[PDB]
Every structure is written in structure tokens, then in C-alpha cells.
Chemist: 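Here it is, the structure, as C-alpha cells.
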There are 2 protein chains.
Amino acid sequence: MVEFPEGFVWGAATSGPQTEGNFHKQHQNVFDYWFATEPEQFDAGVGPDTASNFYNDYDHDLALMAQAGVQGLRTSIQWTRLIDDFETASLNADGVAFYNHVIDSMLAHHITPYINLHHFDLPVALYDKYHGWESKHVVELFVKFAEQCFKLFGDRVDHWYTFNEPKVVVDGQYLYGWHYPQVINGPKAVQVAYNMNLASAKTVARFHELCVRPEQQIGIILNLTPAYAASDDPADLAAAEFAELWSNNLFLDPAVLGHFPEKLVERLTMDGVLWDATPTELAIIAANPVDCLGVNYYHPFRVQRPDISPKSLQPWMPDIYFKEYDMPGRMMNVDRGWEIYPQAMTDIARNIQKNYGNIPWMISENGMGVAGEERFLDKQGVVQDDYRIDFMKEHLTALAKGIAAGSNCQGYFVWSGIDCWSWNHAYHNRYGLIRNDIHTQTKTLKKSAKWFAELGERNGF
Amino acid sequence: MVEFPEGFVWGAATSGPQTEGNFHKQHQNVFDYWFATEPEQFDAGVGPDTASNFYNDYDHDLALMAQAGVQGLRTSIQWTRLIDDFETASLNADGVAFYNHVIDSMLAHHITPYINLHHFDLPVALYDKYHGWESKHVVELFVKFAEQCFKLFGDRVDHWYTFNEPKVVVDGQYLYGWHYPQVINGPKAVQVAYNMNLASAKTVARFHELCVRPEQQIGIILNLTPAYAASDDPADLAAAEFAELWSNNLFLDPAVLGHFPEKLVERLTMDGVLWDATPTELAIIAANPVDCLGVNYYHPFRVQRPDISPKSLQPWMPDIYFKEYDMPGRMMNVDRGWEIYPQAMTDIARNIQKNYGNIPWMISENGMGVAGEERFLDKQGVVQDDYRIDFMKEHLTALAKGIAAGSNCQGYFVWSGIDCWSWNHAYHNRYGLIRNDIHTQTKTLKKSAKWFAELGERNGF
């Protein structure tokens, strides 16, 4: 009924910090320091120290993912596990052995590796010493980390990503208190956003200097949720277009077009908060756009005029130009508090084909979180997560209008394969195709796993 | 009878390691370490620990130089004095205070500062830890240190130089045994020569991001002695061709034209000794040529065919393509071993005018050395150094020819103002317009000093 192009990749997505646990990890990332210092900030007091036991059970975990039909698995390498000395990027031996064990095990179970380099997991010591992503030195240290990954695993990994959603690091660490160090400072957030795009372009450059095969591509993973206007009222349209530029063009334009959006640059310049860039750095951005693009989508975003004039006496924040809008009539996932709107899939697909040269791209994250999935166990202990099947059917159907109209969309990656640790929310909401009983780290396929496996065999539903 | 353009600058040239002494210097450069462990390698046992006492006596020393007609003093800031932590380029407080005193004292004596950032004085710890200029990381540390110099002193310093004769570091440290660490490795020296051209271009880029005046200019100091063919025989013209590419084009073309000489790159590639470069690096080199040129010249250089074929089995060295030639009938400075040939001054001027856009340039070093000048002391303790006047006269007369033919030469700096420490030769040969008795650090003008002052007021002789 719905068919997908030949060679379409059917995948799942996690990260190292949300799965491995901290077993024998040399360094703390910001979340490990946060958890070890303020465990009360975490749901049920579950921190990342054990997560989903992937450090210990990766092999059998991969067997289960392959049964659920994971053809390609995307996860991440922790800067804080691979690296001994950050200034030098020397190798922690156990960390190197672990990631090789993981990659080899993926290829033993016929799972194609998709490796991302950074998923919100800055080493706390680099924050302490340089304030992390605010420091162009830390940007250089990341490239050095990235080179070590290219040299150690490039013989077996064709598909690479620099960052997963830099904007969430920008928002979490410097705007809204989501991430340790919980800084609230607009001007610093602007500098961080620039520095991460710069880290990204530098890593693409280093990758293309070292890559030997045509199959080897490096991309970036962004959330491209559109910023839908609340109404056709002019103040709402003005709010929607800044929020579009701020949330999407801020990273999409430099990563894919090689430049920042000039209207955004103009606005930050006039507000006095523009980042510090050099001509060399800008030239590096222009010269090293990504090969491909990972797209994350879960729920839409709608905006209206700000309550007060942006000329008001207040600390600068991107939010002075827009406020979120809840739409009367919205279809809702009520317990998670998110609108369901799979047509965003189709709009995103078209933005990419019309305004970004139809660059090769994939849905790298799409999924639905539900709390207390033990309510829906059947008598053999399998979650009857039909809601998650329905969810995937709605978003894939819109994605197929996506591809039928021309989108160079090359795969679909579910968040997630195995239930994994969602930062402060920990295991409140489960997204997996595969349940994890985190007390015993016992993993069981849910119903959606078998449907996802047949989806990949039929190449449709 | 022989006069110069309006506003021609009459200056003197030294460097920091040859004048200051090591008084309260936090770090050893390469020569400090070399002397501290092998003083027998240094003439009469004299190292750089006191030199010409400039750390203590800069004020009165600057008065004597002004008495001798020094309108512009070119010297250097030592990396090892200014910088506490090389990795961060944090400041040593006594080092900053000293160079502030020196620059301020220069102005109070009406001497225009010309500041060179590097004169063969690699910090020895960066050699031990990274192998120094071989490490593109050391390149980045240099840029950081250069930024500090601009930020601290740019407000009163308009004339900057990235390096003095990078080729002498390549030759001295990696080819012929002149400089600690005394490595003898052809391929390494090629990479070092690449890295210092890169470091210079990166330093031009940082200067221009931070320069706040039209008057502020940065350049590089190069010896541009022509490579004279021993004869018009093809084999001698071919050797002179390569020695010219290797001696001058290797630094001049990147610095002024923004690219390496493709004939040289062809030759090194064919010989498999080419440097490792990146597209990014070559673009920085292309984008930041110097503002001006400083030209060093003391004696000519003549070249014939190698004794044996370059296809012979021998370690790759630039010299496989050319041998130094001794012309019969040459005018010699016999004690020093150098030929006297002021006509080269004219040749240099014309080469810049005709093949380098007539970019603004100066003779930044020219001068004659003479051992044991006590022989020519008179009743006054004044060295009767008529030979140095004759030398200056002859080479100035050739310069004026170049100028009248239209070469954009704008000044002429004598080496040196005060007798200074000439590396392993230390104080064997004396070059100053002003003598230093190095036992008492008592400094007294020579006859040539008064004449240089009269040369300035008359703008000619």
C-alpha cells in the first residue's frame, strides 16, 4: 500500500551516553557530573551510570536489535570514554577496545554502523577549564578527538555524523537550564551556536582529508521542525520567520549552504550579540559543507508574537521575538504533552528538496514515548505497543508523500531500538522497539519490533 | 651627491636574544639550552645570558642609538620572555613590563619601533615535547603568542614582522648543524619550511583581524641574495635555477604572491619529499600575503652544477642540485670569508620591482663584521671604523640605483646599532655603529656612528 524506494535503510537510533552506562569510563561528561552531584534532578533518581547496560551486554543487545529489523544502527562514541588526555587526544585502551568490540559486533549481526561523534556529552573537565563550547580551543580538541575516531574505525564505518542537534546543546547549556552547567545567557548561546557549526565544518574538512572511499560520507543531524505561524496576522508571521531562522537556518544554512543566514546575521548584529568570527573561520565554513543530512522530527512547533516589544529593557534572548502557541483542535499525545502532526514530515521533506539542493538525507530520529509500558504487557511479557505502530504508520505515510514528490530521503531511523536513558527524564518515557526492564537489564522485543522487521522485509506496509 | 627619497627611514637592526640577556627569563629558547649544556660550542665561552645587557640598560642604550642616527630600531620580542604557559599564551608579568618599558623608552627617544616576533628563538620545551616547528600545533601556539604582542603593544607599534629569515631556522636546525637541535634531515626541513610559511600567513591573518589603523602593517624579513650562476653553461644555469627557487622563492612567493612556486613543488613531489598540507592551510596562505617586505643582504651567493648526479644514492638534501662556487678575482672581506659585491643590492631591488608588484620594502639588514676592533681604538676609546663607512657607502650607492630605476625601497637598516651576540660566533665579529666592551657592558659610539647620524640629516652622502 505504501512502498519505499529500493535500498531504503530501516534503522534505529541511540547514543553512547544513553545506553552504555559509565562502567570503567575515564572521564565525566556534564551529565555524569550533574547526576553525581544532584541526583534529585533525575526521574526516579536513575542516572547514566548504568543506563541500558550496553557496555556489558552489547553483543546480545545487538542480536535483539537485528531481530527487530535494525538494518543500520546509529549511536555515538563518547569523547569521555575514548580519550585519555584531551589536549593531546591520546587513547584510553579499554575505551578503544570497547568501541571496536561494538563495531565488530554490529557487523557480525549485519547491522550497518552509523557513527555520530557528539550527543550532548561534553567532558565536564573541558567546561571547568575553558567553558567548553565557548572556547575555540575546545573546538580544536574536538577535531583531534574526531580524527582519532576516523583513524581507528574508518576502515569499517562508512557513515559518519559530526553532531546530534547542536541546538539542544546551545539551548540546554546556555538558554533554558536543561543541561549542566545551566547557564542562562543569550550572548553566550549565540557564540556557542557559531562555535559548534565551526567545529562541524572543521571535522568535515578533517574527514575529507582522511577518507579513502567514495562510500564514506559525513553529515550532521538536525531537527528541522518547521516554525508554523499561529495566524496570518503580521506580528505572528514576523515571529515565525525569526524562529525559523533561529532554530533551523542557524545550523542548516552553514552546514549545507556554507554560510549563515544573512537576515539572522543582520538581526544579531543590530541587537549587539553577534558571534566573533574570523574571515578564515567563515571561509572554512563555506568550503566544507556536509555530504548528507540527518533529520529528527517528533512534534511540531508553533509560534506567535511576543507579549512585549523586543525593544523592552530585558536581557537579550532569542525568545524576545517569539512565543510558543498551542493550537485549538490539535491532535495530542496527552501524557507526554506533545502535538501529533505527521504532515510536518512532508513539509520538511520539501524544504530540503526545494531549498537545499535535495541533498541526500534520512529521517534519523522519529518515535513516540510512553510511560509505564508494563500496563500493556500480554501474557508472554510483550508490550502491546500498537500506539507506536500507529505512530510509525502515520509519519511514514507522510514521509512517502515526501519521497513521491521528489525528496532524496534515503532511510528511516526509529528512536529507539532499546529503551534508553533520556537525560533528566531517564526512563519515565520508553521509546524502544525493545523493552528494557532496567532493574535486571532484561530486554524483550515488543510488538512493534516484529512489525518493524516485516516493514523492512516488505519495504512498506 | 647620492640622495634618497623624502621620508626614507634610516634604522638599525638587532633581535632580542642577541641583546637582552636571560635576566629573569622564564623559559629557555633553543640557544639558551644549547649554551647551558655545551658552552664549548660558543666563541670565547660567551653565551646569551648577558649579551649586551639590554634587559638592564635599554634606556641609556636607546639614547646612544638615537645619538647615532637610529630613527627606527628593529628588534624582536622573545616568545620565551613574554609567555608564561605556551599552550595558553598567558603572560609573564615581568616580560610584559620589560617590553612596555622598551617600547615606551623607544618613543621617548624618538625611535620608531619595528617589532619582529621571531628570530631563531624557538622555546626549547616545545622542541622537546612536539619537535618544535615540525608540529603544526606549535604553529598554533605561535599565533597565540603573536596575538598577545599585538594586543599589548599594537597601540604604539605600527610596523611588525612575523619572522626573521625562516630559512635560517630550516637550514640551521634541520639541514647543516648550525642550530640546536642539530638535526640533519632533508625531508623534515622541507616540512619545517612549509610550517613556518603557514605560521607566517596565520600570523598575518590574526594581525589584520586586530589592526585598527591604516598605518599598521606586518611583513616578513627574508634574505633575497640572488643565486648567481658560475657560468652560462646549461648545467650551471640549471643549478642556479633550483638554488633560486629553493633559497628565495620558497618564502617569497608564499609571502607576497600567496602560493608556493610550482616548479619547486613539482621537484619536491617528484623527489617524494613534499610537505604535508591541507586545502584549508593552502587557502590561508593564499588569503594573507604580507603587507611589506624586509630584505637582508650581506654577501652574494654563486652556484654551479653538483659534483655528482642528483640521481645518485644519497639522502635527499636541497644541495644535491647545486654547489657553492668561488669566483676567481672576487673582492673578499678576507677575515670573514665573505665576498663583497654591492651590485647585488641593485639586483634585489629590481627583482622586487619587476616580479613582486614593487610591494613596499626595506633593506632590513646590511652591515660589515670585523673581529678585534680594539686594534682601531683611538685616544677617545672611539673605534676608527672607516671600513664600515666605506662598506655602507658602497652598498647605499647600489641601493640608490635600484631606487632610481623605480624600486619601492623605503628604508635602510644597519646591522647593527650596538655590538650584539652573534649566536655561536658570539662577539668574535663586531657589527655595531656602537661598540660594547662586554666585560663592563660599557657602550661607546664609533666613528661610523657619527657618520650615520650625518647621513640621516642630509638624507644622503
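Letters A, B, ... mirror the listed sequences (proteins, then strands); counts begin at 1. As a basis for the values below, the full set of heavy atoms in this structure was taken, side chains included, without hydrogen atoms, waters or symmetry mates.
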Chemist: With heavy-atom distances below 4.5 Å as the criterion, would you say the side chains of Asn296(A) and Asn164(A) are in contact?
Modeler: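 SC-SC contact between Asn296(A) and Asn164(A) confirmed.
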
Chemist: What's the verdict on side-chain hydrogen bond (donor to acceptor under 3.5 Å, both in side chains) for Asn22(A) and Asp49(A), showing C-alpha distance, side-chain angles and the deciding distance?
Modeler: CA-CA 5 Å; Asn22(A) 278 323; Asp49(A) 300 339; 2.9 Å; yes

Chemist: If the test is ring-ring contact (aromatic ring centres under 6.0 Å, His included), which one of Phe153(A), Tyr114(A), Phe150(A) qualifies with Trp160(A)?
Modeler: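 Testing each of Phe153(A), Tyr114(A), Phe150(A) against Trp160(A), the sole residue satisfying ring-ring contact (aromatic ring centres under 6.0 Å, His included) is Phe150(A).
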
Chemist: Of the options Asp437(A), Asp419(A), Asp61(A), which is the one that meets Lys443(A) in a salt bridge (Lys or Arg N to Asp or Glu O under 4.0 Å)?
Modeler: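 Per the salt bridge (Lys or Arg N to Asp or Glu O under 4.0 Å) rule, the option paired with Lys443(A) is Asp61(A), out of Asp437(A), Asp419(A), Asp61(A).
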
Chemist: If you apply the rule side-chain hydrogen bond (donor to acceptor under 3.5 Å, both in side chains), what do you find for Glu365(A) with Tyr431(A), and how did you get there?
Modeler: CA-CA 11 Å; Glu365(A) 247 173 69; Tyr431(A) 287 74; over 6 Å; no

Chemist: Does the side chain of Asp104(A) pick up a donor-acceptor pair with the side chain of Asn100(A) at under 3.5 Å?
Modeler: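 No, no side-chain donor-acceptor contact under 3.5 Å.
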
Chemist: Any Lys/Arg nitrogen of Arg435(A) or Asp385(A) sitting under 4.0 Å from an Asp/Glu carboxylate oxygen of the other?
Modeler: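 Looking at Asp385(A) together with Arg435(A), the answer is no, because their closest N to O distance does not fall below 4.0 Å.
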
Chemist: Taking the side chain as every heavy atom from C-beta outward, state whether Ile363(A) and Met345(A) have any atom pair closer than 4.5 Å.
Modeler: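 Yes. Closest side-chain heavy atoms under 4.5 Å.
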
Chemist: Quick check: are there more than 12 heavy atoms from other residues, nucleotides or ligands sitting under 6.0 Å from CZ of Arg458(A)?
Modeler: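 Not buried by this count: 12 neighbours or fewer within 6.0 Å.
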
Chemist: Just checking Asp378(A): does its CG atom have more than 12 heavy atoms from other residues, nucleotides or ligands closer to it than 6.0 angstrom?
Modeler: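 Yes, because the 6.0 Å sphere around CG of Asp378(A) holds more than 12 heavy atoms from other groups.
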
Chemist: Give a yes or no on this: more than 12 heavy atoms of other residues, nucleotides or ligands lie within 6.0 Å of atom CD of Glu3(A).
Modeler: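 Counting neighbours around CD of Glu3(A), 12 or fewer heavy atoms of other residues, nucleotides or ligands fall under 6.0 Å, so no.
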
Chemist: Examine distances only and state if a side-chain atom of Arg350(A) and a backbone atom of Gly402(A) form a donor-acceptor pair shorter than 3.5 Å.
Modeler: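 Side chain of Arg350(A) to backbone of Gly402(A), a donor-acceptor pair under 3.5 Å: yes, one is there.
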
Chemist: For side chain to side chain contact (heavy atoms under 4.5 Å, CB included), just list the numbers for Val170(A) and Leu250(A), CA-CA rounded to whole Å, side-chain angles, deciding distance to a tenth of an Å, and then say yes or no.
Modeler: CA-CA 11 Å; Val170(A) 180; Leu250(A) 219 204; 5.9 Å; no

Chemist: Counting only heavy atoms from other residues, nucleotides and ligands, does the tally under 6.0 Å from CD of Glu6(A) exceed 12?
Modeler: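 Atom CD in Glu6(A) is not packed in, count stays at 12 or less.
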
Chemist: I would like to know whether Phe251(A) and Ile220(A) meet side chain to side chain contact (heavy atoms under 4.5 Å, CB included); could you show each step before the answer?
Modeler: CA-CA 9 Å; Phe251(A) 303 87; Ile220(A) 189 158; 5.7 Å; no

Chemist: Parallel, tilted or perpendicular: which one describes the rings of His299(A) and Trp338(A), with boundaries at 30° and 60°?
Modeler: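 Rings of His299(A) and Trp338(A): parallel, under 30°.
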
Chemist: Decide side-chain hydrogen bond (donor to acceptor under 3.5 Å, both in side chains) for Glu244(A) and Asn249(A); before the verdict, give the C-alpha distance in whole Å, the side-chain angles of both, and the deciding distance to 0.1 Å.
Modeler: CA-CA 7 Å; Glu244(A) 193 71 40; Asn249(A) 287 266; 4.7 Å; no

Chemist: Is it true that the NZ or CZ of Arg302(A) lies under 6.0 Å from the centre of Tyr341(A)'s six-membered ring and within 45 degrees of the ring axis?
Modeler: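 Satisfied, under 6.0 Å and within 45°.
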
Chemist: Looking at the rings of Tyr174(A) and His179(A), which for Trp means the six-membered one, are their centres under 6.0 Å apart?
Modeler: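 Judged by ring-centre distance (under 6.0 Å), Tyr174(A) and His179(A) do not meet the cut-off.
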
Chemist: Check whether more than 12 heavy atoms from other residues, nucleotides or ligands sit under 6.0 Å from atom NZ of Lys450(A), and answer yes or no.
Modeler: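 Atom NZ in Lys450(A) is packed in, count exceeds 12.
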
Chemist: Any side-chain to backbone donor/acceptor pair from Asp236(A) onto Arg305(A)? Under 3.5 Å, distance only.
Modeler: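 Flag set: sc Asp236(A) to bb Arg305(A) pair under 3.5 Å.
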
Chemist: Are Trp10(A) and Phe8(A) an aromatic pair by the rule of ring centers under 6.0 Å?
Modeler: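 Yes, ring centres under 6.0 Å apart.
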
Chemist: Please confirm whether the backbone N or O of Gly432(A) pairs with a side-chain atom of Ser416(A), one donor and one acceptor, at under 3.5 Å?
Modeler: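 No; zero donor-acceptor contacts below 3.5 Å.
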
Chemist: Are any side-chain N or O atoms of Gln380(A) and backbone N or O atoms of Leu377(A), one a donor and one an acceptor, separated by less than 3.5 Å?
Modeler: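 No.
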
Chemist: Is the shortest heavy-atom distance from the side chain of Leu264(A) to the side chain of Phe242(A) under 4.5 Å?
Modeler: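 Yes; the side chains approach each other to less than 4.5 Å.
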
Chemist: Is the gap between the ring centers of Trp133(A) and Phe163(A) under 6.0 Å?
Modeler: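 Close enough - the centres of the two rings lie under 6.0 Å apart.
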
Chemist: Measure from the side-chain N and O atoms of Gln384(A) to the backbone N and O of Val382(A), and report whether any donor-acceptor pair falls under 3.5 Å.
Modeler: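 Yes; judged by distance alone, with no hydrogens or angles, the pair exists.
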
Chemist: Anything under 30° is parallel, anything over 60° is perpendicular, the rest tilted; go ahead and classify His118(A) against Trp79(A).
Modeler: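 Correct class here is perpendicular.
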
Chemist: Students often mix this up, so state it plainly: with edges at 30° and 60°, are the rings of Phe42(A) and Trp34(A) parallel, tilted or perpendicular?
Modeler: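 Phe42(A) and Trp34(A): perpendicular rings.
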
Chemist: Donor-acceptor pair, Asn358(A) side chain versus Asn408(A) backbone, under 3.5 Å?
Modeler: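 Flag set: sc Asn358(A) to bb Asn408(A) pair under 3.5 Å.
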
Chemist: Taking the side chain as every heavy atom from C-beta outward, state whether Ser52(A) and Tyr427(A) have any atom pair closer than 4.5 Å.
Modeler: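 They are in side-chain contact.
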
Chemist: Surrounding NE2 of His425(A) (heavy atoms of other residues, nucleotides or ligands, distance under 6.0 Å), is the total greater than 12?
Modeler: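 Atom NE2 in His425(A) is not packed in, count stays at 12 or less.
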
Chemist: For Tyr33(A), is the OH atom crowded, meaning more than 12 foreign heavy atoms sit under 6.0 Å from it?
Modeler: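 Check fails, neighbour count at 12 or below.
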
Chemist: Inspect the contact between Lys25(A) and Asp32(A) and indicate whether a charged nitrogen and a carboxylate oxygen are less than 4.0 angstrom apart.
Modeler: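 Answer for the salt bridge query: yes.
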
Chemist: Do the non-hydrogen side-chain atoms of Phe376(A) and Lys447(A) ever get within less than 4.5 Å of each other?
Modeler: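 No - every pair of side-chain heavy atoms lies 4.5 Å or more apart.
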
Chemist: Taking the six-membered ring of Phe98(A), is the NZ or CZ of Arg81(A) close enough (under 6.0 Å from the centre) and on axis enough (within 45°)?
Modeler: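 Ring-cation test returns yes.
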
Chemist: Can you classify the ring geometry of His27(A) versus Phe86(A) as parallel (below 30°), tilted (30 to 60°) or perpendicular (above 60°)?
Modeler: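 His27(A) vs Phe86(A) ring planes: tilted.
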
